[PDB]
Amino acid sequence: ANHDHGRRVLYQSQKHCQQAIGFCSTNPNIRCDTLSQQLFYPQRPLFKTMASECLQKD
Amino acid sequence: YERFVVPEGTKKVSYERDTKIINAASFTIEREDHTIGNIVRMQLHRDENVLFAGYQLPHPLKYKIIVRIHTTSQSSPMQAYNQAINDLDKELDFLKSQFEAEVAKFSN
Amino acid sequence: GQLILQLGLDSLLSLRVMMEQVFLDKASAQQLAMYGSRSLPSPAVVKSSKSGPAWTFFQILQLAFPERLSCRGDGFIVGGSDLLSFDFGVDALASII
Amino acid sequence: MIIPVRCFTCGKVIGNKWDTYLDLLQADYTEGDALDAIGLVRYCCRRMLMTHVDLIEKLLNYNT
Amino acid sequence: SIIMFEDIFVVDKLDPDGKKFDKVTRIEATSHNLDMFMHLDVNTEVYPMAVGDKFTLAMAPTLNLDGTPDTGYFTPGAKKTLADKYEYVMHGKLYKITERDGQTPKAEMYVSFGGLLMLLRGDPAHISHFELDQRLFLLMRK
Amino acid sequence: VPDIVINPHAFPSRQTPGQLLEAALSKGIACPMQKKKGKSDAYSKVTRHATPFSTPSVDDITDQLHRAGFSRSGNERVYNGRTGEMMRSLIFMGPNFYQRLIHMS
Amino acid sequence: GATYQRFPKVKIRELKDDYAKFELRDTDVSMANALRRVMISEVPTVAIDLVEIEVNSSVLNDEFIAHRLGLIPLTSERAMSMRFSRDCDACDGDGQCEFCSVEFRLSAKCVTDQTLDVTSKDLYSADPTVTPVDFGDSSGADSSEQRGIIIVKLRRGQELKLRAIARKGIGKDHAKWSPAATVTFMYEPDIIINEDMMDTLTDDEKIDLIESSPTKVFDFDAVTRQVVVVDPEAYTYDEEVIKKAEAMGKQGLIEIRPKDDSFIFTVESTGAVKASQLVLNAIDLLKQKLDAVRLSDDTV
Ligand SMILES: [Zn+2]
Ligand SMILES: [Zn+2]
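Its PDB header names cryo-EM as the technique used to obtain the model and reports a resolution of 3.57 Å.

Structure follows, in structure tokens:
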């Protein structure tokens, strides 16, 4: 993340991460809200970062 | 569905004799891609009395080929076109013969 | 006071790599000849010792022309829908076009 | 959720190889030795097994 | 013997002003027996030439050696007897002639081989040629 | 075969070499490792950490791609899917984590 | 009507039930590419194409289960003689037929507390013994796991009753009908390594430029101090060896040229069709396509 221009990292870490389609919830029978969305086969990346390993949230 | 083989009211191959150049035609083949057009043009280039062999797709989304043949005298587009198709059919015969021979050497 | 339509991203790259490869073979030439117009001119190099005929890429550029063009330029010379001479300058290529 | 059948790029069937993958990692193997033991040579399938997130269990617990 | 011009030449300066391409060079030649000045753009992959070599150049207006002025185009044909006695042939177009040459030196003949250029400098015994009319073939040997 | 193909005119202007380095790192992770018979278990000197302010060097990534069997420059030779003959320019391939965004149209 | 015909040659290196390799030569590149594209997208296969769900009470959804059912490979050896279901006079009843439309059945339920999983081996087929689900990835091969392709996992109050109908298709309609799962070829190189330049440069430089190769193409014969090509077919055309020869300035040392002929195939299969049956069906569909495009009716 220290290789990219700062504007690109601002984009990714403020807007595009907050909009990507992925996990939603683990009990969808109770969340009655407008426009819940979800993939079929979510994944983790091939690489590893420090914080994703210490947090252990995929 | 409708993307596949040509419906009623349209020929599979449509011939067209070119007007401005002698020994010249344009074969508009329906329902094909690079698979047949490529082997047709590369068989045509091994002929003697041919001069120009190409194919192109009028839009890359639409599923049809237009082939063009310029030839010399002592021949025509029709003769070299049918020569190409028949010799490719003979090579597929000889290839199927070779492959069914080579399967037998795994003798069970 | 200029043209509102100039050659964009990939097209100018195609012209650059076509300039650095000045000669074409027979098969690629006749394949490219299907697109524009003006069938095809006679080959520049009609024979050599090793290969067959060989084309230049200026003859390939002729296929997009209209009929009976005659205009004088800084590097380009067009007489009768043919591209007679074309200057070296790859640096000014978006201007000579 | 569950492992996908048909590795997205090439098309090899991998939809049965999940439990033997967990057992080979359970025994003592690292991931390279496990994928070489199951016999996945091209990396388009190796990226499909190594990065699978298995979320069916969390769904099974939260139903009733 | 359908030949407009035929002579022998010697090369003395490769790369006159700048080597514009990887495989195209301008070659300076100087004649003998007619004494002339001679520039030419040559493919230096299929036929490169060192400095201080010799080559005999021809100029046929039509390649098949029977006076039939058709363009032909059937040069790799089996045997219909064209002028393939020589080794390097390239068709082209003459586009500007200056046999007026209203000063001390001789004529200027500029042809274009579809993008390759030739400079032949000489008035005497060259007055067969025209301004337009792409018929020149430029046969090179040795 | 690739799953997504993008244009090489996007990289020299927008100044993101991190995407090329990420693709090379992940391609060096997911590949097998030859010459594994003897002398090592041959899967232990494998870098998986692209931590932001403490990142692997270029030599680590390129020597890993040399160990995995591929070319050190990141490229890879391909053949065309239409003409079928050798494309002259070597192509840069490798996996990348992409995302799908909302407000579809 | 002259000859105008080149004569191919086949020689097989390896051949198993789902694998092959053969050294096709004396044919052009476009023919090999035609074989590749027909085997990837033109050769047909039977696969599931319609699903009626009566009860679904699992944590998955209907389209997820139908999508997983569509990709389960069925053995298709009578699919060359079947017909496309748009071309059948009968069978307009959304059910079983005899020239298309094999029908399947599936029901499962868990009454224990042991997390029952529903696999591919619970699909029971009417019109049996001709298109069942595939078993070669379980039995007849000790590859990974005999349990087969997992579809759902279930709990107590959960069940799944449906009825699927397989049909015929090709890979251009959907990816579920493509039987290839690997079809590729490659050229094979002609390496003409000089010996009068190789004895010039020194032994450390020899062991350096052998080391720059990313695949073991060359070998260092230390007993005669020379080098040796031991495997041409692992060369991958990345020029790193000749580039380090360029950086070392020793030109004319090695040269590498792809031969025009000699196309080494490598064919795999999902197990719906055998490998040699794929090659022969490809040659037959190329003959049918070359048959349907003739203008022999009107010569002039
Ligand atoms: Zn694969
Ligand atoms: Zn029916």
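1. Looking at the overall build of chain E
Summing up its helical and strand segments, chain E has zero helices and nine strands in all. Element order for chain E, N to C, with α for helix and β for strand: β-β-β-β-β-β-β-β-β. Its C-alpha atoms give chain E a radius of gyration of 15 Å, within 12% of the compact-globule value 14 Å for 142 residues. With an accessible surface of roughly 7,300 Å², chain E has 55% of that area assigned to carbon and sulfur atoms.

2. Regarding the interface of chain C and chain E
If you look at the interface, chain C gives 26 residues, while chain E gives 24 residues. The tally of links between chain C and chain E comes to one salt bridge. For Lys-93 of chain E, the salt bridge goes to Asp-82 of chain C, with nearest N and O atoms at 3.9 Å. The tally of links from chain C across to chain E stands at eight residue pairs in polar contact. Classifying every residue of the side of chain C that touches chain E gives 12 nonpolar, 10 polar and four charged. By the bridge criterion, two bridges tie strand β2 (residues 45-47) of chain C to strand β5 (residues 88-90) of chain E in an arrangement that is antiparallel. Paired with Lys-47 of chain C across the two strands is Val-89 of chain E, which belongs to β5 of chain E.

3. What about the pairing of strand β11 (residues 218-221) of chain G?
All names here are of chain G. Sheet analysis places β11 next to strand β12 (residues 226-229), joined by four bridges and oriented antiparallel. When the bridges of β12 are listed, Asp-219 appears paired with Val-228. From the end of β11 to the start of β12, which pair antiparallel, there are four residues, and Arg-225 there has a positive phi angle of about 65°.

4. Focus: the coordination of the zinc ion (ligand 1)
Residue and element names in this part refer to chain D. Around the zinc ion (ligand 1), the protein contributes the donor atoms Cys-10 (SG) and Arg-42 (NH2), at 2.3 to 2.4 Å from the metal centre. Separated by 32 residues along the polypeptide, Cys-10 in the segment before α1 (18-27) and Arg-42 in the loop between α2 (31-38) and α3 (43-50) bring together distant segments of the chain. Judged by relative accessible area, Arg-42 falls into the partly exposed class, the value being 31%.

5. Details of the interface of chain G and chain B
The interface is formed by 43 residues belonging to chain G together with 42 residues belonging to chain B. When chain G packs against chain B, close to 4,200 Å² is buried across both sides, 65% of that on carbon and sulfur atoms. Among the residues chain G hides against chain B, the three largest losses belong to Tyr-4, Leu-290 and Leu-295 of chain G. Together they make up 19% of the total. Where chain G touches chain B, the interface holds seven salt bridges. Joining chain G to chain B, the criterion identifies 10 residue pairs in polar contact. Only β1 (12-16), β2 (19-24), α1 (29-41) and α5 (275-291) of chain G provide two or more residues apiece to the side of chain G that touches chain B. With nine residues, the top contributor of residues to the side of chain G that touches chain B is α5 of chain G. For the side of chain G that touches chain B, the residue count by class is 22 nonpolar, seven polar and 14 charged.

Basis of the calculations
Residues numbered from 1 in each chain as written, not as in the entry; some residues may be left out. Chains lettered and ligands numbered in written order. Part of a larger assembly, values for the part shown. Heavy atoms only, no water. Helix = DSSP H or I, 4+ residues; strand = E, 2+ residues; numbered from the N terminus. Rg over C-alpha atoms; globule rule 2.2 N^0.38 Å. Areas by Shrake-Rupley, 256 points an atom, 1.4 Å probe, with all protein chains shown as cover. Contact = heavy atoms within 4.5 Å. Salt bridge = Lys/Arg side-chain N within 4 Å of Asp/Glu carboxyl O. Polar contact = N/O pair within 3.5 Å; in protein donor to acceptor, adjacent residues only side chain to side chain. Nonpolar A, V, L, I, M, F, W, Y, C, P; charged D, E, K, R; others polar. Pairing = 2+ DSSP bridges. Donors = N, O, S within 2.8 Å, 3.2 Å for Na, K, Ca; no water. Buried < 20%, exposed > 50% of the residue type's maximum accessible area, 1.4 Å probe, protein only. Buried area = accessible area lost by both parts, 1.4 Å probe.

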